[PDB]
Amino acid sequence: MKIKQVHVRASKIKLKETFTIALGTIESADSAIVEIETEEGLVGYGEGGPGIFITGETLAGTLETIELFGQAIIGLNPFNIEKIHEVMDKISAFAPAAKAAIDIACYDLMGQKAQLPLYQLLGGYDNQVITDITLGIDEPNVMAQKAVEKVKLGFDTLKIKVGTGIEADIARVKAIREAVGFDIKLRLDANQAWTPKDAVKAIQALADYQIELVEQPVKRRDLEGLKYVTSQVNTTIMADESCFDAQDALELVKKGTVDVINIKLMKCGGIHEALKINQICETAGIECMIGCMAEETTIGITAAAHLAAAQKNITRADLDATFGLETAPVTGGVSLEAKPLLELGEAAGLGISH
C-alpha cells in the first residue's frame, strides 16, 4: 500500500447550543478534514480539531501544517505509522491537531486494507463504548434542569463544568445532584479555574454529594499544585490540560501528580501517541479517560471510540462532540444521536464515507 495523494478541507458545522467552559466559549465546530488516497484506490478519513484556548492551534495553522505533512508522506505505506510520525515530527515541533488528522486517516486505511474494523487493530478489548455527556457552565438551576433531560435520554454519567467561583460552582453541583438522583455518576471539570488551596476547599465541600472525580482543578503548568490537591483529598483527581503527550504522561506518573489521565487525540497528535500514553498509565496503575474537543466531529469522535473500546485501561469516555452538531460532515461512524452507547459496527476502518 502506498499513499498517492492527501486532500484537506475546512469543515464548519453549526453547534446546536453555545458551549461554555472556564476557558471560553464556542458556537461552531470548525475543523480540518483529511482524505488520504492510496495508489490502489482506498481512501482513509482523518480530522484535526483545533482548540485555540486549549492547545493554541488554529484552523488556519492546522490546514497549512496538514498540507506540508501531506506532500511529505506521498509514497509511504500507511502501515509505516512509525515513519509517518517521524516525518511529521521533523517537520513541526508542535501541531497535534494536524498530526492527529494524518494519523487517524492512516489507521483508517490500515483497517480498510486489513478489512477489519479499527478497534480490532488497536487491542480488540470491546466493540462498543459508553460515553457520558457534558453540561456547559450555566446557572445552578439551568444546569440541574438539563441534567434531567440527559438522564431521560439514558445517560448514567454527566460531566459538569465549573470555574466561575468556588462559591457558585459548589452551588452548581449541589443543584444538579439533588435534582437527578444518586444513581447518576457526576464528574466535574474546572478547567484550571482554582488555586491549590481553594481547590481542596471546593472539593471537600462536595463530600456528601458523591463526586466521581474532579478534572484539572488548577493551572496546567502548576504540577506541584495539582499534586497538592490530589494528595489532600480522597476524591479522584484527573489531569487533562496538564497532559498532552506521552512525555507529559511519563512526568505525571513519575511525580504521582494525579489519579487518572484524560487522553485526547487532538492533544497528543493521534492514536499512535494515545496508545503510548495509555500504556504508560496502565503500567503505572493509572486509568485513562478518552475525551474530545468541542471543535471535532464524526471522524475524530469515531477514531477515539475505536481506541477506547479497544483498550482495557481506557475505562471512561467523554465522546459527546457529535451530540451538539447540527449536521454530519460525513456518512457513517458515530451518529449525532445523543445516546450513551456508541456501538462500533463491523465495517472496516472507521466505517466512514461520503
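Numbering starts at 1 and runs along the sequence shown.
**Message:** Can you tell me whether 146 to 154 has a higher mean C-alpha B factor than 188 to 196 in this record, or the other way round?
**Reply:** Of 188 to 196 and 146 to 154, the stretch with the higher C-alpha B-factor average is 146 to 154.
**Message:** Test of understanding: from the entry's C-alpha B-factors, which stretch has the higher mean, 228 to 236 or 85 to 93?
**Reply:** For C-alpha atoms only, the mean B-factor is higher in 228 to 236.
**Asked** Between 99, 172, 267, 276, which carries the biggest CA temperature factor in the record?
**Response** Of 99, 172, 267, 276, 172 has the highest C-alpha B-factor.
**Highest recorded Cα temperature factor - choice among 122, 104, 250, 211** = Among 122, 104, 250, 211, the highest C-alpha B-factor in the entry belongs to 211.
**Prompt:** With respect to C-alpha B-factor, does residue 108 fall in the lowest, middle or highest third of the chain as deposited?
**Reply:** Within its chain, residue 108 is a lowest-third residue by C-alpha B-factor, going by the deposited values.
**Request:** Ordered by C-alpha B-factor within the chain, which third holds residue 280? Give me lowest, middle or highest, please.
**Result:** Lowest third - that is where residue 280 ends up once the chain's C-alpha B-factors are sorted.
**Prompt:** Thinking about Cα B factors across the chain, which third does residue 27 belong to?
**Reply:** According to the entry, residue 27 has a C-alpha B-factor in the chain's highest third.
**Message:** When the deposited Cα B-factors of this chain's modelled residues are ordered and cut into thirds, is residue 136 in the lowest, the middle or the highest one?
**Reply:** CA B-factor rank for residue 136: highest third.
**Request:** Please rank the C-alpha B-factors of the chain's modelled residues and tell me whether residue 78 sits in the lowest, middle or highest third.
**Result:** Its C-alpha B-factor belongs to the lowest third of this chain's values.
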